[PDB]
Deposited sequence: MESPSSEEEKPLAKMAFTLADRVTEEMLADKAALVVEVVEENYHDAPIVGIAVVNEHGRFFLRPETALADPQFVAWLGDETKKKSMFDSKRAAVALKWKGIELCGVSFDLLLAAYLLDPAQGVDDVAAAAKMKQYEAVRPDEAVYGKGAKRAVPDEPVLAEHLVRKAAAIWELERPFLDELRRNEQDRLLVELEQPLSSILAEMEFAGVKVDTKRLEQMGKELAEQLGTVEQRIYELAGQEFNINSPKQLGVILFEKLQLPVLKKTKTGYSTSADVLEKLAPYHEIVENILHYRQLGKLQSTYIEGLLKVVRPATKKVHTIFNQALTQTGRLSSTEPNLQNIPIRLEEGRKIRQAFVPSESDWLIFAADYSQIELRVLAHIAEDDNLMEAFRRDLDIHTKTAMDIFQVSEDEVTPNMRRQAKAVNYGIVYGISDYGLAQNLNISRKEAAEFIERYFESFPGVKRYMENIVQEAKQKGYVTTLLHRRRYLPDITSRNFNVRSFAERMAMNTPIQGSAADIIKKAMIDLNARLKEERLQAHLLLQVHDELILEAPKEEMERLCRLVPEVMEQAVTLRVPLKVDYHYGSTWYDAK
């Protein structure tokens, strides 16, 4: 039971200075995607608008871009970007229910209005998947069924804003939402829409040469193996290694023999085929993911790739990057690192600028553990612990004796008693409170932390150790991003952000601005928050992302 007006045209009462707004983009990847419908809920009533009509209306477009007309939405970035592709600016977004839900509890995995409403027992709205359907059945339903959904979603947002803000305020997270995540969302929207330009000629040439080399390595493997098999099948590979060649089985998973990189490396003294296999799988991933996969999503006319930064997914407060993922482009082996030569500025006589925090997580450990020996070390400017590594895990990682690994860790805690203290204290806090928190009050709940089951419990305790560290770094670089764009905009530099990579920011700019960026960027990033230790940032620029080192 909910009345609404199926409008044939926009009226003045639709354009109030506060509204719940739904700009519906049904395709998961919203870049250049259709807007299938619009809904507005305000003091005056509920309205559905056809996008052809509304978006072609100069008064509705004006309202959309008016910062003083406040909108409450769910996933405003999706809307803001889809509107950019329609040549329309979205302003005045004051509340995002997606981001509010994420801050309240990231484990709920809220990705539609219905799921957010569930957190307040609000039931007068359907899940999106139930309206549109799954997979090949996915479709926009008949207008009256569509219109009712969009309106119900707007009505839900309208009624849920204050209950959500009230709870955020109770948790002291309202500023985290309004001053950080919400402004970050607009910045991410800008980055996504700008995209990153790709040198397809170079990428395609790399692909051709990689293909030849895969063939050569492939044949060499079959020769060493004494047989042809699918190297990309862990199962067939297992038979070759552990049955035909009779190499030792160092690890098994629930499906059979492990052929992990760690395991194969340890088998190098037994047979020279394992090294070749490792090489083959490296090359094949470069080809399948960073040449072919990347070329598939390049927009041919502009040669740009447009990632989507998921702001409400990770359990720690980090972003993730999808379709394509630009936060896992190779760098560690020169062979893969060369992929970065294909990422270039979007304008002639521009350069790529790259700035990275040095050891941000170990410094956060220092700051939050208040370890003197660790803080003193950073003031002189002089990881496994941070992930809760065992003696076993460390022995294996370093391929050394466990006794020696265990002694390394025991020594470590003896040497850093304040870190050892933090670890014990943060776990105890998690057990007492049921959640851990970050510098800017991001939380993660850990309902398993008192499980009687050793493995379940242990994993939870490790999360208690790590999340405040990783999450606090996420908080910092996010703050650094918001401040940076402000510092860029005032002094009207043309430079703009392209990418964030966890503890790194990647920009493009006219070559003329490099000197000013060498000053501005590292400063802003270091002055993002003030810790007990100093924040350090390294920076480079160059003709391509590769050269920015």
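- Stretches with no C-alpha atoms in the model, relative to the deposited sequence starting at 1: Missing C-alpha atoms (numbering from 1) occur across the ranges 1-13, 396-425.
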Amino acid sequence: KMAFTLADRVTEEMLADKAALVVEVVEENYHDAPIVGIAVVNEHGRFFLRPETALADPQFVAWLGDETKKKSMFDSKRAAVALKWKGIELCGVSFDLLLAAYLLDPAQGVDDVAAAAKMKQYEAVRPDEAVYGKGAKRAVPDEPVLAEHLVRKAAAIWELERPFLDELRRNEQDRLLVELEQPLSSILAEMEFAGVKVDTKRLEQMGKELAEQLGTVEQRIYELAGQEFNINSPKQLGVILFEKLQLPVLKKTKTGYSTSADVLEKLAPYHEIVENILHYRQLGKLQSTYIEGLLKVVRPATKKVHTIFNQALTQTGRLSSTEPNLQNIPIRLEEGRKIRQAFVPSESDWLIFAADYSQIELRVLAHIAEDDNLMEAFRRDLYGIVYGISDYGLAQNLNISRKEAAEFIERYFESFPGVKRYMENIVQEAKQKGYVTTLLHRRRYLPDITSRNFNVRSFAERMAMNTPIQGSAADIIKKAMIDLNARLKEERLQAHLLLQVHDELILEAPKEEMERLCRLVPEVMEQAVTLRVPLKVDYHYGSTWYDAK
From here on, numbers count along this sequence of modelled residues.
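- Thinking of the other compared PDB entries, is residue 243 one of those residues unmodelled in at least a third of them? Other entries vs residue 243: none skip it.
- Message: So residue 387 is built in this one, but is it left out in a third or more of the other compared PDB entries that include its neighbours?
- Response: Result for residue 387: often missing, at least a third of the compared entries.
- Averaged over C-alpha atoms, is the B-factor higher for 436-444 or for 343-351 in this PDB entry? Mean C-alpha B-factor is greater for 343-351.
- Query: On average, are the C-alpha B-factors higher in 405-413 or in 326-334?
  - Reply: Higher mean C-alpha B-factor: 405-413.
- Query: Per the PDB entry, which option out of 75, 275, 361, 161 has the greatest Cα B factor?
  - Reply: Max CA B-factor in the entry, restricted to 75, 275, 361, 161: 361.
- Report the option among 192, 370, 475, 265 whose CA atom has the maximum B-factor in the deposited record. Spelled out: the listed residue with the top C-alpha B-factor is 370.
- residue 389's Cα B-factor: lowest, middle or highest third of the chain? Middle third, going by the recorded CA B-factors of the chain.
- Item | Within-chain third of residue 209 by Cα B-factor, per the entry | It falls in the middle third of the chain.
- Query: Hey, what third does residue 26 fall into on Cα B-factor, ranked over its chain?
  - Reply: Within its chain, residue 26 is a middle-third residue by C-alpha B-factor, going by the deposited values.
- Message: Considering every modelled residue of the chain and its Cα B-factor in the PDB entry, is residue 201 in the lowest, middle or highest third?
- Response: Its C-alpha B-factor, which the entry lists for residue 201, ranks in the lowest third among residues of this chain.
- Message: Per the entry's values, where does residue 423 land by CA temperature factor relative to the rest of its chain, in the lowest, middle or highest third?
- Response: Highest third.
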